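K.L.:
My structure is below; once you've seen it, I'll send some questions.
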There are 2 protein chains.
Amino acid sequence: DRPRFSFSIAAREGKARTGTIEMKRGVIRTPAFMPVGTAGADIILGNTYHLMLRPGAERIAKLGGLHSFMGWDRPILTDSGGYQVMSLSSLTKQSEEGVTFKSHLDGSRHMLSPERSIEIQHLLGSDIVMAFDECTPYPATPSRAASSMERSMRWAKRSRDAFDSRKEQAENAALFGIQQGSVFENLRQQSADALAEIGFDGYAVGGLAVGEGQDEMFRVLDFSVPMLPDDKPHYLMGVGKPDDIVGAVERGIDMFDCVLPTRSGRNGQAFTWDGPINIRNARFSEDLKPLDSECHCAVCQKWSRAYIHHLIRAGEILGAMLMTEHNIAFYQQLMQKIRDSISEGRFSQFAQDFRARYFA
Amino acid sequence: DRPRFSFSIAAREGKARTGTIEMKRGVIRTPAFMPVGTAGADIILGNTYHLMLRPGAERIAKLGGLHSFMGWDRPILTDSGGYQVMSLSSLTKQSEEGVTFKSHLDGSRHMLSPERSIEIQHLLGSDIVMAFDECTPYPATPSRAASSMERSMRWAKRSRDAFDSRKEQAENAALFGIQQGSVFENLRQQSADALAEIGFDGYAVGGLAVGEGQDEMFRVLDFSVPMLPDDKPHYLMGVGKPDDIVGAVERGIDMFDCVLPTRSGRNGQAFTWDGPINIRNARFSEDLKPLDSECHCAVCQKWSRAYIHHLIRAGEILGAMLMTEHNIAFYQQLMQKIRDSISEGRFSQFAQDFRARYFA
Ligand SMILES: CNc1nc2cc3c(=O)[nH]c(N)nc3c(CC[C@H]3O[C@@H](OC)[C@H](OC)[C@@H]3OC)c2[nH]1
Ligand SMILES: CNc1nc2cc3c(=O)[nH]c(N)nc3c(CC[C@H]3O[C@@H](OC)[C@H](OC)[C@@H]3OC)c2[nH]1
Ligand SMILES: [Zn+2]
Ligand SMILES: [Zn+2]
C-alpha cells in the first residue's frame, strides 16, 4: 500500500530533478503538470473558490467529496482560495483573522481564514491541501511585502494546526506551505525559514505570475528555490507557458498549474513544438497537417488544422473540445519529455532545442 | 464488395419496416437516425448550406472531399441546400431556374439550381444526394401548394439528369427524390407519381416539420407514405423528437434527421426514457443518478446529473460535450430498440410502452 506522502528524486541535472510523489490514491511523476479537473495527468486541480460558491463545500461533502463528484479516483490538489477571492470578489475585507467577501453569484457573505480554508479543503476531500496565504500584489514595496509575508507565515502555522487537528486529513492528505516575499531575496529567505520551521510535505513558490514577467520571475526563482528544502517537492503556482515551465524546471521546480491549456483551447490557440498557433486565422483554412507534426494525441492522429479551423469558425463545440484535448496532451508530452531528458542526462540540450524551435 | 445501393427489408410489423441499405462505404441499419457530422450512427449529415458558404464546395473538393475533411469514411448524406437558403438567407430571388441569394458571411452572391445543387453535392463527395426541391411554406393554399409542388417535380427531373451526367456520382452515390404537396392528399399523390416515374434510389417526405404540429404531420404521413414505392427507403426530413420518430416509424418511415440532439445538448436538455430533462434546473444539483437510468453511454457509466449540472452551470465546455454525447447515444439506443422490436414482432408494444413512460 502506498504511503500518505513520499517524494523520491530519481535523477538530477543541474538544479533540475525528476522523480515521484507517492500518495494513497496514486503516483505523481515529477516534473508534473496539473490540469484543471473540469477540462495522462497524474493529479488534477479542484477549483476551491468556485466550489465554495457553487454548490458549497458542505454540499460537495454530502455528495461524497470531489473524487466521487468528478469521477476521478486519483490525487486532487486544491488551492486555499484567497488568491481568487482577492482576484475576483467584490467588497473584500481583510484582517489578521482572514478575509470576508460577498459572492458575485448570490450576494451571500463568505469568510476565509486559515481554519476555514483547511476545513473547506477537507470537505472537498483533496489529497494535496494548500496553506491559506496572501499572494502579495506586484509591485510591492519592501515594507508592504514584508508585512504581507509575515501575515502569511502566521497563517501558515494556523493552517498547519488546523490540518493536523482533522485526523482523516492528517492521515490521508498532504499539506504544502507557500513561500511569499515578493521579489526580495531577504524576505524570500525569511519566508522559507519560517515554513521549514513549521514543516510541510511540500513547498510552493507563491507570489509570482502576477505581472512581473519572465525575466524577473526567473531572477526570483534563481535565489528562491534553493532556499526551500531540497528533499521536498517544489510547486510554482500559476505557471505557465511552456517556456516558463522549461525554465522553472531548470531552476528546481517540480510541479505546475496554469489556465493556459484550457483558456487557449476555448479561444482558438493550439500549442505546438513550433510555438502557439491561432487556428481561427485564415492561414489554416486549407492546412491538411495535424495541429502539431509530432503530437501523438487522438486529435492529431485523425483530424487536420483545416477541419478544426472549420469547426471553430462554425461555432461548433466539437472544435473547442478537440483543441483542448490536443493542448492537454501537448502539455503532458512536454512534461514526459522533460522527465525523460532529466533522467537521461540530456535536459540541458532539450531545453536549448526546445527554445530554438518554439521561438523560431 | 458492396453495391452502390441496395435496400432490403428484413422484417415488418404493421406499416413499420426494419432492414439495411448497403452502399459502397457501409451498411445503414433502418430505421436509422442520421446525426450531424460535426456533433453508433451508420451515416452522418453534411451541412450543404453552411459548406457552400464556408469554405465553399470547390475548396472542400480541393481538400479531398468531406470524408477526408471530416475524418469519416462511412456514408454521408447531404441536403440540396434550398431549405436553409429560404430559412436563413437574405434578399432571396426565386425563378424557374433556381434561387439566388446573398451570403450573410461576406455578401457574396450565390445561386442554387438543380444542376448547381447536384454539382455542390458532387464536390462535397456525399453518398446520398438529395434532389433540389422547394419546401413549401406552411400553411399553404391548395393553389400555391400545387404550383410549388409542380416546380419541385420539374426540378426533380433536372436533379436526376444532372446526377446521371456525372459518372463518378452516378456510379458511386445515390439520389433521393423529395415528395411535396403540403398537407393535401391529391398533391402528395401527384408528387409521388411524378417521382416514381423519374425513378430514385430512395424517397423523402418533404414539406413537413415546418410548423404543422404532430397531429397534422401524422395525418399527412398516414396517406403520404403508402404512395411512395414500398421497396425503397422512406426519409422524413427534419424529424424529430423521439415521439415523432416512433410514430413516423409506425407509419412507414425508415430514415430521420433533426437538430434536437445537438441543439438540446448545447442548451441544457438531456433526453431520457422518462422524457427530456433540463439539467441546469436546481432540482438536479444533488441528483447522483446518471442522466438516464438505463442508458449504456460512457457519460452515464461515469458521471452524475449533479456533476453535469455543475459543469453546465459553471460554463464549462466539458458539460455540453457530455450532454451531447449522451443525447447522440440515446438516439442511437432508441433506433436500436426500434429495429429490434420490429424484427422481434413487438414494436406495437414497444411504442405503447415508450409513450406511457416518456410522457408519464
Ligand atoms: C496566474 N498566476 C498565479 N499566481 C499565483 C500565486 C498564488 C499564491 O501566491 N498563492 C496561492 N494560494 N495561489 C496562487 C495562485 C492561484 C493558483 C490557483 O489558480 C487556480 O486557477 C484559477 C488553480 O486552481 C484551479 C490554482 O490552484 C491550484 C496564483 N496564480
Ligand atoms: C426542421 N424541419 C425541416 N423540415 C424540412 C423539410 C425539407 C424539405 O422539404 N426539403 C429539403 N430539401 N430539406 C428539408 C429540411 C432540411 C433538412 C436539412 O436540415 C439540416 O439541418 C439544418 C440537415 O442537414 C444538416 C438536413 O439535411 C440532411 C427540413 N427541415
Ligand atoms: Zn495533438
Ligand atoms: Zn447516457
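K.L.:
List, please: which pairs have Cβ atoms under 9 Å, are six or more places apart or on different chains, and start with a residue in the range A:77-102 that is within 14 Å of another protein chain (Cβ to nearest Cβ) and within 17 Å of residue A:158 (Cβ to Cβ) and end with one that is away from ligand 4 (no atom under 16 Å from the Cβ) and in a loop (DSSP other than H, G, I, E, B)?
P.N.:
From the range A:77-102, no pairs qualify.
K.L.:
Looking only at the range B:71-94, how many residues end up being surrounded by fewer than 20 Cβ atoms within 10 Å (Cβ to Cβ) and outside any loop (DSSP other than H, G, I, E, B)?
P.N.:
9
K.L.:
Return the residues of the range B:261-311 that are surrounded by fewer than 18 Cβ atoms within 10 Å (Cβ to Cβ), closer than 23 Å to residue B:241 by Cβ and in contact with a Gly (Cβ under 7 Å, 6 or more places away or on another chain); say none if nothing qualifies.
P.N.:
B:278, B:280 - these are the residues of the range B:261-311 that are surrounded by fewer than 18 Cβ atoms within 10 Å (Cβ to Cβ), closer than 23 Å to residue B:241 by Cβ and in contact with a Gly (Cβ under 7 Å, 6 or more places away or on another chain).
K.L.:
I would also like to ask the following. Among the residues of the range B:10-66, write down those that are within 10 Å of residue B:124 (Cα to Cα), part of a strand (DSSP E or B) and at the interface with chain A (Cβ under 10 Å from one of its Cβ atoms).
P.N.:
none
K.L.:
Among A:131, A:145, A:174, A:196, which is the only one that is more than 22 Å from the chain's Cα centre (by Cα) and of a type in the set (A, V, I, L, M)?
P.N.:
Of A:131, A:145, A:174, A:196, the one residue that is more than 22 Å from the chain's Cα centre (by Cα) and of a type in the set (A, V, I, L, M) is A:145.
K.L.:
Moving on to the next point. Could you identify the single residue in B:109, B:74 that is closer than 22 Å to residue A:319 by Cα and among the charged types (D, E, K, R)?
P.N.:
From the options B:109, B:74, the qualifying one is B:74.
K.L.:
A follow-up question, please. Please go through the range A:190-226 and give me each residue that is surrounded by 15 or more Cβ atoms within 10 Å (Cβ to Cβ) and not in a helix (DSSP H, G or I), ordered by number.
P.N.:
A:200, A:201, A:202, A:203, A:204, A:205, A:206, A:207, A:208, A:209, A:210, A:212
K.L.:
Here's a follow-up. Does any residue in the range B:236-249 that is under 17 Å from residue B:328 (Cβ atoms) come within less than 9 Å, Cβ to Cβ, of a residue that is hydroxyl-bearing (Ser, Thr, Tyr) and assigned to a helix (DSSP H, G or I) six or more places away or on a different chain, and which pairs are these?
P.N.:
Correct list of pairs: B:242/B:331; B:242/B:358; B:245/B:331.
K.L.:
So, one more: Test residue A:314 against the criterion of being surrounded by fewer than 17 Cβ atoms within 10 Å (Cβ to Cβ), over 17 Å from residue B:71 (Cβ atoms) and within 11 Å of another protein chain (Cβ to nearest Cβ), and give yes or no.
P.N.:
In short, no.
K.L.:
Which of the residues belonging to the range B:104-141 are more than 26 Å from residue B:234 (Cα to Cα) and either within 16 Å of ligand 1 (Cβ to nearest atom) or within 14 Å of chain A (Cβ to nearest Cβ) (or both)?
P.N.:
Matches in the range B:104-141: B:104, B:105, B:106.
K.L.:
Residue A:132 versus (1) part of a helix (DSSP H, G or I); (2) within 29 Å of residue A:21 (Cα to Cα): which is the lone unmet condition?
P.N.:
Here residue A:132 meets the rest and fails (1).
K.L.:
Let me ask you something else. Return the total of residues in the range A:105-128 being within 24 Å of the chain's Cα centre (by Cα) and part of a loop (DSSP other than H, G, I, E, B).
P.N.:
Going through the range A:105-128 one residue at a time, the tally reaches 4.
K.L.:
Output the residues belonging to the range A:280-311 that are aliphatic (A, V, I, L, M), within 9 Å of another protein chain (Cβ to nearest Cβ) and more than 15 Å from residue A:325 (Cα to Cα).
P.N.:
Correct list: A:288, A:306.
K.L.:
Take the residues of the range A:59-108 that are within 30 Å of residue B:289 (Cβ to Cβ) and among the aliphatic types (A, V, I, L, M): which is farthest from ligand 3 (Cβ to nearest atom)?
P.N.:
Result: A:61.
K.L.:
For residue B:275, are the conditions met, namely being away from every other protein chain (no Cβ under 14 Å), farther than 22 Å from residue B:29 by Cα and not polar (S, T, N, Q)?
P.N.:
yes
K.L.:
Moving on to the next point. State yes or no: is residue B:337 more than 16 Å from ligand 2 (Cβ to nearest atom) and either in contact with a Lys or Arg (Cβ under 8 Å, 6 or more places away or on another chain) or within 11 Å of chain A (Cβ to nearest Cβ) (or both)?
P.N.:
no
Read-outs throughout are calculated quantities, based only on the coordinates presented, and are distinct from any laboratory measurement. Using ideal geometry, Cβ is built from the backbone for each residue, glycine included, and neighbour counts are taken over all protein chains shown.
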